[PDB]
Amino acid sequence: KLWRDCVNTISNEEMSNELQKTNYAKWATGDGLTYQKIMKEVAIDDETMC
Amino acid sequence: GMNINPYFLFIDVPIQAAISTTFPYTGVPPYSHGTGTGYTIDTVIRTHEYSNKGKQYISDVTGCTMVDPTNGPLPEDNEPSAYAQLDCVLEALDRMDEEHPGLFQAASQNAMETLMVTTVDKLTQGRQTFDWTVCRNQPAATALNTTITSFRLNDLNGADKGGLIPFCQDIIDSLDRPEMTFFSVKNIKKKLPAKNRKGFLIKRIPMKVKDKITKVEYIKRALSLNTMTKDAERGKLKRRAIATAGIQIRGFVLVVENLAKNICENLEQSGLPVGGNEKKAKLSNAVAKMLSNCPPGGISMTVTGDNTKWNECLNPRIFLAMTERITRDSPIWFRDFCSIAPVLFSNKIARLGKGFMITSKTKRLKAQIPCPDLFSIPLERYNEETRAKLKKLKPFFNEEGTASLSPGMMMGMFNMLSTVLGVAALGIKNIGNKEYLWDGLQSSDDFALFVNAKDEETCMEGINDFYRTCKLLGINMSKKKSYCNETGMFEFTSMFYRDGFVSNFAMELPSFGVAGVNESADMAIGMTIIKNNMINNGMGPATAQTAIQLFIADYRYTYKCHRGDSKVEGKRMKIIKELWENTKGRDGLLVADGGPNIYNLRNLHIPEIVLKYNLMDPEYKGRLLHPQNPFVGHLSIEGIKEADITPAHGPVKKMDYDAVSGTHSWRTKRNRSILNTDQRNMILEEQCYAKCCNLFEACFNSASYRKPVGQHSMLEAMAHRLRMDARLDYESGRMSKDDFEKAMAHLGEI
RNA sequence: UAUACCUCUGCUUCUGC
RNA sequence: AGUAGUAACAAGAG
């Protein structure tokens, strides 16, 4: 779907080469995978956090 | 199928001849990610691991856990050893004074006389320095200013006198103060009139607050070292930790290093502080003599050597003994001066970086654990590697989140003085009047020992003695990395010898690219690097001509300044294409304005602006070199000629180039990350000093060129000058009666 | 909480001799 | 996921 999106977006009549942030593009680029930062006080209180 | 093997070149060409092909310097150097606490703690443990059989005591000053290996029991294994015996150092030092007559008192004099002339501003020319006030690394120039302003509150105005001696006298005295006050800017709201619905606006003004700390806290902060990890360190798999020093210690190191530097210059068997061709010239002659002096019908052997755990073993208390011996004839005030720097390193404290990051993979969360909160968490949540380290750190760990590191030289800084201790070993030359004669070279940790004897059986026995001699000074030779062979070829500080030092082009290869100062500067640097490599590092004219090609490529893409006739599309290239059409003398256009590249082997030494000046249009050269153009700014004497270069071996040395000051000689915007942090307040603080200095330079134009001298007020100077300027302009008749009275009126208020 | 599909940032959350 | 490799990023902040 991403390859097809590329071939479609690169083939179109538009000036821009931008790609819409689709479900497949988001997965492919790996969207919002960063671990959420929390306070030291909560992290030290939490046991599962190692 | 024909299976190509690259090593098969070594069958035809010898390793040294084609050593350049054993250096992967087209590739990416190793960088560090996240924290360096695990690397620092490792160093902290390993430093004490080599000193654990010494004497452990508690500092009555700091209240820390200290370890003293010096004059400890001698080792019974090949494991690194800090157990250096004082007598064996003093003997080796004595042996140096015998071999080099009256060098110590001569070197002491030169340093002592220099110390008197040394100004306080000598501490500005440094890299990122630890600032005790804010407890973060900052530029040396600021880190100095923050200390001077802080010392003025606690009433220590030795800095004002101009000399470094009274400022150093203040630093050791500042330890005696019971409380040390320092400014800590804190924001305050303030209504200001505006054209709002409610005609006003709130602007958060900075206000300086007097914050105090106890006698003990300051003493520790003064002895504290801030730790990181060595980034871009070549030819290394795993990473290692380094440290930055405070403004207090930096004063005394400068003198002791300058002292050892004076000795090293005059010592024959030292690779420092000489460099470049001068270094080769020395080592060549040294090698020629050490070769041709050997007994006929014998064997001369060169040990291609290296010392492992250099900084981790060498003790400050040995370095203290070294200064006391060197300053024996010099007066008592200088003896005590040189004794401080080692005394500070002897009771130094290590800051353990950021800390450790803990994460739940399921929850997908993360959080940094500050160094003071390392034992807040049960050690079951840390991984095996860190768990073991943290337990071994425990008996050295302080509650504030630091480690007492009495042994070792975490940061280093003593390179010249550490070389001398190495030379002292090379000075002994024999033990027990045996049938061998050793003598080597020293570049801090790096060494190359020559041995002349009857047969090789004798040579190795002679090397075995050097190894056992170095153990008593605290120098551990690396059995792993070090190797031996019959004289003719050897390695010393990435310089390869084979009946003469062989060319190694790969070491200087990274420098050929765009250095990243600006368009006009980088062009000069680029060619100056090419022409200097043709000379020193043996680059043939074909490769040299290609190095010019490959530069203009990297230059044109980096600064997006391709030829005018070329139809490569880009925001800038659009105006470049118009300039090409507008301009008649297109050969006169610079490469940065989409002009042609006219450089070749011969004219590398001439600036681009000078080469083309005659070929330029009269309008274009006017624009390019407009005296009052907005791009260039207030040029500093260093800002025009000099610029930084980072070669993969030694410290960052600033080389000088030749370029004409034109529109292309611009500066880049400041890092704007500061705007979002609480550091904002420093922006105002800067622009305040900026006004004062810029107005002082308007009164005294020579201030930009040569450093202004005077212990009097900065206003007092500006007042008296502008008073005279007005008086003389009136009597000469440049100033009118209307303006003179107004001038004398305004100055009357001051 | 709310403004916030808004605003600021890209070496300035520690780069030594 | 992936980069990467003894520890991080896979955006941060008001």
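Structure summary
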read-out: Reach of B:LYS612 by Cα under 18 Å, taken over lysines that are not fewer than 8 positions away in the same chain; value: B:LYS584, B:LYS621
read-out: J(HN,Hα) series, the stretch B:658-671, from Karplus relation 6.51 cos²θ - 1.76 cosθ + 1.60, nearest Hz, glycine and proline x; value: 10, 8, 7, 6, x, 3, 5, 7, 9, 10, 9, 5, 5, 4
read-out: Three-way shape label, the protein assembly as shown, alpha-carbon gyration tensor, a/c 1.5; value: rounded
read-out: The stretch B:39-127, Cα convex hull volume normalised per residue, Å³; value: 213 Å³
read-out: Contact order relative to length of the stretch B:669-750, as percent, for alpha carbon pairs under 8 angstrom and 6 or more apart; value: 18 percent
read-out: Cα-based shape type of chain B, given that a ≥ b ≥ c are square roots of the gyration tensor eigenvalues and the cut on a/c is 1.5; value: oblate
read-out: Cleavage-rule hits (chymotrypsin sites (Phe, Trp or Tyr not before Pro)) in the stretch B:313-375: DSSP loop, at most 15 neighbouring Cβ within 10 angstrom; value: B:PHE375
read-out: Inter-part distance where the stretch B:615-653 and the stretch B:534-587 are each reduced to a Cα centre, Å; value: 18 Å
read-out: Long-range amide H partners of B:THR487 with built H, under 5 Å; value: B:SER300, B:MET301, B:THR302
read-out: Beta bridges per DSSP with both ends in the protein assembly as shown, % antiparallel, nearest 5; value: 90 percent
read-out: Point-charge dipole on Cβ atoms (K/R +1, D/E -1) for chain A, about Cα centre, debye to 20; value: 180 debye
read-out: Between the stretch B:24-62 and the stretch B:438-509, the Cα center-to-center distance that results, in Å; value: 27 Å
read-out: Long-range HN-HN contacts of B:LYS309 with modeled amide H, under 5 Å; value: none
read-out: Over the stretch B:669-750 - Rg/Rh using Cα atoms and the Kirkwood inverse-distance radius; value: 1.14
read-out: Too-long pairs where the Cα-Cα distance tops 27 Å, listed order kept, from B:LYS279/B:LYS481; B:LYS186/B:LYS366; B:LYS354/B:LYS653; value: B:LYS186/B:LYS366; B:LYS354/B:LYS653
read-out: Amide H contacts under 5 Å for B:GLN56, placed H, 5+ residues apart; value: B:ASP68
read-out: Leading residue at positive end of dipole, the protein assembly as shown (Cβ point charges), from B:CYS484, B:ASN277, B:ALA159; value: B:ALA159
read-out: About the Cα centre, charge dipole magnitude for the protein assembly as shown (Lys/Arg +1, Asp/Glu -1 at Cβ), debye; value: 3580 debye
read-out: Cβ charges +1 (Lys, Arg) and -1 (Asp, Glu), total dipole of chain B, debye; value: 4160 debye
read-out: Backbone HN-Hα couplings from phi across the stretch A:24-29 [Karplus 6.51/-1.76/1.60, Hz, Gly and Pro as x]; value: 6, 4, 4, 4, 4, 6
read-out: Pairs beyond 25 Å (Cα-Cα), from B:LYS230/B:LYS280; B:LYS220/B:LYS392; B:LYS282/B:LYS429; value: B:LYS230/B:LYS280
read-out: Relative contact order of chain B, defined on C-alpha pairs under 8 angstrom at six or more residues apart (%); value: 14 percent
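Positions of Cβ are backbone-derived with ideal geometry, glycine not excepted, and every protein chain shown enters the neighbour counts. Since every read-out is calculated from the coordinates, none of them should be taken as a lab result.
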